[PDB]
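Input: a single structure, listed below in structure tokens.
In our numbering, the protein residues as written are 11 to 57.
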């Protein structure tokens with residue numbers, strides 16, 4: 011429950027981290043490259 015997901019965007023070089031809440035930069039990436047692709051960019055910081 012509620013572990014951090016790191017994400018990276020190859021189109022811009024950016025990296026971000028969130029617990030899964032309303033994080034505008036992630037929402038924009040899900041809207042602009044597809045949520046399934048962006049969740050494939052995700053990495054759980056607890057493995």
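Yeah, the Cβ is synthetic: ideal placement off N, Cα and C, and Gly gets one too.
{"query": "For residue 25, the residue or residues it bridges with in DSSP", "result": "18"}
{"query": "Heavy atom of the ligand MG within 7 Å of residue 32 beta-carbon", "result": "The ligand MG is not part of the structure shown, which contains no ligands of any sort."}
{"query": "Distance between beta carbons of residue 27 and residue 16, contact taken as under 8 Å", "result": "5 Å"}
{"query": "Nearest-angstrom Cα separation, counted from residue 34 out to residue 52", "result": "16 Å"}
{"query": "Whole-angstrom C-beta distance between residue 29 and residue 12, which should lie under 8 Å", "result": "5 Å"}
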